[PDB]
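Worksheet: the structure to be examined is printed underneath.
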Amino acid sequence: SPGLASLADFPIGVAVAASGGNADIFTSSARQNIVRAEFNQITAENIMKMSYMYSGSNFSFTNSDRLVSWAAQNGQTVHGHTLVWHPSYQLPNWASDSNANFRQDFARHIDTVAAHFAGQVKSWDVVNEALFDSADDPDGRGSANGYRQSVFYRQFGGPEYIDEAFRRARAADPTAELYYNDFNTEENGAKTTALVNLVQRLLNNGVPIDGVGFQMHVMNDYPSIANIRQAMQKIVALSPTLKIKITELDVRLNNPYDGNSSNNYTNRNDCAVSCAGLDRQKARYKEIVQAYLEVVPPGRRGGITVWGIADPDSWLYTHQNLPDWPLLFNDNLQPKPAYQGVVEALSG
Ligand SMILES: [Ca+2]
């Protein structure tokens, strides 16, 4: 073999499904064999989100425990995804502007969840997606010096919930590496600047943040690798020890937002065997992994994770009504040129 994970001294991860469909890691022996062969860390794609930690008002860890156990038995550490996150679909019922005891319930959440997984999960996305993004502002709340005005922001009156989540997480499990995770922060534009402002504030307040996660939900040709590199550079520069992790890497062939509709693959058959996009995708995975290695010093590399095993498993398999092929394995679960691109980056 080898396997990708053997080619690095930092985690090489994959997000796994566990909600009973085709991609479900518990049922798919073919996927389990790929995870065991290739990776040495997993992230729960979905079942470690906030509400999955509850059955009513009480905590329920049955299904997440099952997954964390599976990891330990199959050569995988766990990156735990995620303690605090804003989407309505995964908020526990306590996380409401109508709860007078929000701050108490927030504490109980972080204290209970972090303690529960101590020794079983290497790292956490402690806070996910705290930065404003116009692409993800469905209620039209608008920005607040670059913060998303989520229920956590609204209840706290400010970004202090971020500070508290990291402190509580540190105290409940001192062994975990604690990450702040977000997307579009690799573009090197406004959200990158907002990230700088966020992280610097945490460092100023003495908050126990151990690293920054870049989701890296990228296109083949957007953003430029120069901008990806400079964004990571900007964050590396903020501290002598802050770790950088690539948390959710996937790479689209179709760019809706590029101004060119005639360079869109509109048919599933287009890239089922070969097309120019799969070959660029090899190069794109390679150039990203290379950027990460070059700019993140040895000893501050929190890991590289790809957001799923095989293409039909991807959240972007079909997106905005267009097909895509974002991952390292195809539908038949064969390695793609993308896989080789990761091989060549890691190996040198
Ligand atoms: Ca296009």
Side-chain angles (χ1 to χ4, degrees), residues 14-15 23 45 87 129 131-138 140 143 148 181-195 213-232 234 246-292 304-332 334-342 344-345:
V14 67
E45 188 179 4
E129 295 177 7
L131 293 170
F132 183 71
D133 201 307
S134 85
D136 196 28
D137 190 24
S143 184
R148 185 187 294 274
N181 193 45
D182 222 321
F183 67 96
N184 286 343
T185 46
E186 79 280 26
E187 268 179 286
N188 195 34
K191 202 180 185 172
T192 300
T193 297
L195 182 64
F214 287 76
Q215 294 182 15
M216 301 305 195
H217 292 299
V218 304
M219 251 109 281
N220 254 353
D221 301 302
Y222 181 86
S224 71
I225 194 58
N227 281 315
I228 293 179
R229 288 171 76 92
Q230 193 173 76
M232 297 193 288
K234 282 178 190 173
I246 288 175
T247 50
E248 318 186 2
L249 171 65
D250 49 31
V251 175
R252 290 167 276 172
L253 260 67
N254 273 317
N255 189 341
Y257 316 121
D258 67 7
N260 192 357
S261 47
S262 315
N263 78 339
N264 301 168
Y265 297 105
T266 72
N267 192 292
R268 175 58 65 198
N269 284 355
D270 293 349
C271 291
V273 74
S274 114
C275 66
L278 291 173
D279 297 325
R280 171 61 179 142
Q281 181 181 63
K282 175 175 180 185
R284 176 56 153 182
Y285 270 94
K286 184 172 181 167
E287 83 191 16
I288 289 171
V289 177
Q290 283 181 336
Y292 179 83
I304 297 172
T305 290
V306 299
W307 207 239
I309 294 166
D311 283 345
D313 307 355
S314 175
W315 72 302
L316 303 162
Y317 190 57
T318 64
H319 69 265
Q320 289 261 144
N321 332 290
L322 272 181
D324 220 318
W325 302 267
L327 291 174
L328 309 185
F329 296 81
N330 65 18
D331 287 35
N332 290 148
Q334 302 168 319
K336 291 160 60 179
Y339 172 97
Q340 298 299 345
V342 177
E344 294 168 9

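Side chains are part of it too, since the values below use all heavy atoms of this structure and drop only hydrogens, waters and symmetry mates. Just so you know, ligand 1 is whichever comes first in the structure, and atom 1 is the first atom listed for that ligand. Along the sequence shown, residues are numbered consecutively beginning with 1.
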Check the side chains of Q320 and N254 for a donor-acceptor pair under 3.5 angstrom, ignoring hydrogens and angles. no
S261 and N264 side chains, donor-acceptor separation under 3.5 Å: no
Backbone N/O of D311 and side chain of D331: donor-acceptor pair under 3.5 Å: no
Which value, rounded to 10°, describes the OD2(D258)-the Ca ion (ligand 1)-O(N260) angle? 110°
Return yes when at least one N/O/S atom of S261 is nearer than 3.0 Å to the Ca ion (ligand 1), and no when none is. no
Strictly under 3.0 Å, is any N, O or S atom of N255 next to the Ca ion (ligand 1)? yes
Given OD1 of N263 on one side and ND2 of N264 on the other, what angle do they make at the Ca ion (ligand 1), to 10°? 80°
Is a side-chain N or O of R268 found less than 3.5 angstrom from the main chain of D324, in a donor-acceptor match? yes
